[PDB]
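First the structure, in the form of structure tokens, and then the observations on it.
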Amino acid sequence: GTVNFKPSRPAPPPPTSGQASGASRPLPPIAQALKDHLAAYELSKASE
Amino acid sequence: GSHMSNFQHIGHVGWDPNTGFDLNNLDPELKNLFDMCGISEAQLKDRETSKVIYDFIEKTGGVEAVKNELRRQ
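Chains as they are written, first to last, in PDB author numbering: chain B, 114 to 161; chain A, 203 to 275.
Have a look at this one:
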């Protein structure tokens, strides 16, 4: 209604401000590090 | 009885040193990370190969730590 000061009301977040993933991008570097870590095992099967 | 509280530096994970990742209790974030690494069920059920895969997970901080860095994509 009509108010002079201190509306004291909560609000929802701003529309579309929560952006999200979707694009068909390549693997994360944590996965790249797991590939390299498992390679240290695979190479060792053919090495001393 | 109860589970051991020691996994505080790791996470929720269906892996065991005897038979590997139990695919019936295996988490979806785990299967995700492993497919992009090119791992097959034969390797996840390899108690030898699954150990190498799991040793990386408990290193970074567990299932939670790998997820935080997976979420970058």
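Built from N, CA and C at the ideal position, the CB exists for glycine as well.
Backbone secondary structure at residue i - three-state DSSP
i        : result
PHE118/B : coil
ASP248/A : coil
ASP224/A : coil
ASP229/A : coil
Of the residues the options, the one placed nearest residue i, counting alpha carbons only
i        : options                                   : result
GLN275/A : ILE255/A, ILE241/A, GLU231/A and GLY263/A : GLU231/A
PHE209/A : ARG273/A, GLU266/A and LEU235/A           : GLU266/A
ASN270/A : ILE143/B, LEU156/B and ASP149/B           : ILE143/B
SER137/B : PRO219/A, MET238/A and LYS233/A           : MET238/A
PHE223/A : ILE241/A, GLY264/A and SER252/A           : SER252/A
Assumed close pair residue i, residue j - CB separation to whole angstroms, cut-off 8 Å
i        : j        : result
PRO141/B : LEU225/A : That belief does not hold up - the Cβ atoms of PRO141/B and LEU225/A are roughly 22 Å apart, past 8 Å.
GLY264/A : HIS211/A : 7 Å
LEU147/B : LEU235/A : 7 Å
Near-chain A residues of the region 124-152 of chain B - C-beta to any C-beta below 8 Å: Taking 8 Å as the Cβ-Cβ cut-off, the region 124-152 of chain B approaches chain A at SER134, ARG138, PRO139, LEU140, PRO141, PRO142, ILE143, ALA144, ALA146, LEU147, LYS148, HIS150 and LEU151, given in chain order.
Inter-stretch contact (C-beta, 8 Å, three-pair minimum) for the region 252-262 of chain A and the region 211-219 of chain A: Taking one beta carbon from each stretch, the region 252-262 of chain A and the region 211-219 of chain A have 3 or more pairs nearer than 8 Å; the two touch.
Given 8 Å, three or more beta-carbon pairs between the region 128-137 of chain B and the region 249-256 of chain A: Contact fails: fewer than three Cβ-Cβ distances are below 8 Å.
Chain-ordered residues of the region 209-221 of chain A with a beta carbon less than 7 Å from chain B: Residues: none.
Residues of the region 241-254 of chain A with Cβ closer than 8 Å to any Cβ of chain B, in chain order: Listed by position, the residues of the region 241-254 of chain A near chain B (Cβ gap below 8 Å) are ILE241, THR251 and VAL254.
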